[PDB]
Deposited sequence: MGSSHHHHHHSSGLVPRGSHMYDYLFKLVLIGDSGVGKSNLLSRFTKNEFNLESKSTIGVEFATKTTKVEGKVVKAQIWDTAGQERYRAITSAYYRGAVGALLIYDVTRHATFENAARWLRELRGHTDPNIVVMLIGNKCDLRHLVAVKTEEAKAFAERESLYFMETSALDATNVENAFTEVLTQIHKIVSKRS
């Protein structure tokens, strides 16, 4: 069956691409108009990720999280702070967190610049990569580095 059942959660404001980050990783499908499962071999061991996407029951058990904002809407990145506050009051301290700037294929509507976000993420000690669920930029290995950082910690 599997070796680990890693629970991940997805948080972000309305319409930053959470649902499509989930369907792009789990199903390779992107919808131009809740918990998903994938199983992958992280460092030999089979891992079955249960990936939640929108309250105690939401967070509890989560070994990992992806804080997602929308590159073209600066207000959704400002709210990464209130989100990080809610996350940390509900999960184990040593949860793997990755700041995610999605819709990075809208290169000319970027309202949140990378070094801005790389600065906040290093202050709050997060991992960070910009993604596109539309054309699958960095979707896969983002999830596989969250799940690989978690496997690092549990051994």
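Novice: So, counting the deposited sequence from position 1, which segments are absent from the coordinates?
Specialist: According to the record, the gaps fall at 1-20, 54-60, 82-90, 192-194.
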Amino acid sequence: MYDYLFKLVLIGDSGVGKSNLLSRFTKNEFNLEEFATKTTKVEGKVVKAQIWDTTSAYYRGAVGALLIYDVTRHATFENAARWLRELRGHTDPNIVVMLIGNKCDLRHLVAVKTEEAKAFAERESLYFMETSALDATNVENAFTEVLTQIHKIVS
From here on, numbers count along this sequence of modelled residues.
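Novice: Please work out which of 38-46 and 125-133 has the higher mean CA B-factor as recorded in the PDB entry.
Specialist: Higher mean C-alpha B-factor: 38-46.
Novice: Is the mean CA B factor in the deposited entry higher across 115-123 or across 97-105?
Specialist: It is 115-123 that shows the higher mean C-alpha B-factor.
Novice: Determine, from the deposited record, the chain-internal third of the Cα B-factor for residue 28: lowest, middle or highest.
Specialist: It belongs to the highest third of the chain when residues are ordered by C-alpha B-factor.
Novice: Report the third (lowest, middle or highest) to which the CA temperature factor of residue 14 belongs, ranking only the modelled residues of the same chain.
Specialist: Ranked within chain, residue 14 CA B lands in the middle tercile.
Novice: Quick one: classify residue 75 as lowest, middle or highest third of the chain based on its Cα B-factor.
Specialist: For residue 75, whose C-alpha B-factor we compare with every modelled residue in the chain, the answer is the highest third.
Novice: Lowest, middle or highest third: where is residue 8 by C-alpha B factor in its chain?
Specialist: Lowest third of the chain for residue 8's C-alpha B-factor.
Novice: Considering every modelled residue of the chain and its Cα B-factor in the PDB entry, is residue 58 in the lowest, middle or highest third?
Specialist: Highest third, going by the recorded CA B-factors of the chain.
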